[PDB]
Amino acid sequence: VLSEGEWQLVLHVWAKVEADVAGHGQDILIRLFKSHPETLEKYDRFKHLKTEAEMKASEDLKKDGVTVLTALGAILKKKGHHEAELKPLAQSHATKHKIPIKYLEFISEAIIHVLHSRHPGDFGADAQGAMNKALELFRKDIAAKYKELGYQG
């Protein structure tokens, strides 16, 4: 459970993301795919994209990045009180998309990289630590759900 201060650092940098949710989403998904190319394979929709420029030009990828960040933003705003938001996400990601926790780690890493790249002044050690805790909590709670649904374990 994060402190209120930590939550406020998370939400402070997130407001920056909200200024251009699509461009942030693009940067994060591109980062994910560059750093962990195996992930691009569960997006049957994108899995054919080969260059950075192709990724930037893809409407579908741009849409997807907004979908991810919109959901995650709503989650972070709940300050850990996010059971109702995680429920449908766990369902689809455990039972349909089959996204292992390690991939959620990979996308967490990409979020952290992009937020530090674009907003370093709002993403010092203090804020990085808070975001890391928030994303860890999301992972921890979604993993418990996954198991309830019969995934992983």
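All residue numbers refer to positions in the sequence shown, first residue = 1.
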Please work out which of 108-116 and 93-101 has the higher mean CA B-factor as recorded in the PDB entry.
93-101
22-30 or 40-48, whichever carries the higher mean Cα B-factor:
40-48
The third of the chain into which the C-alpha temperature factor of residue 88 falls is the lowest
Residue 55, C-alpha B-factor rank within chain (lowest, middle or highest third)
middle
By the record's CA B-factor, is residue 65 among the lowest, middle or highest third of residues in the chain?
lowest
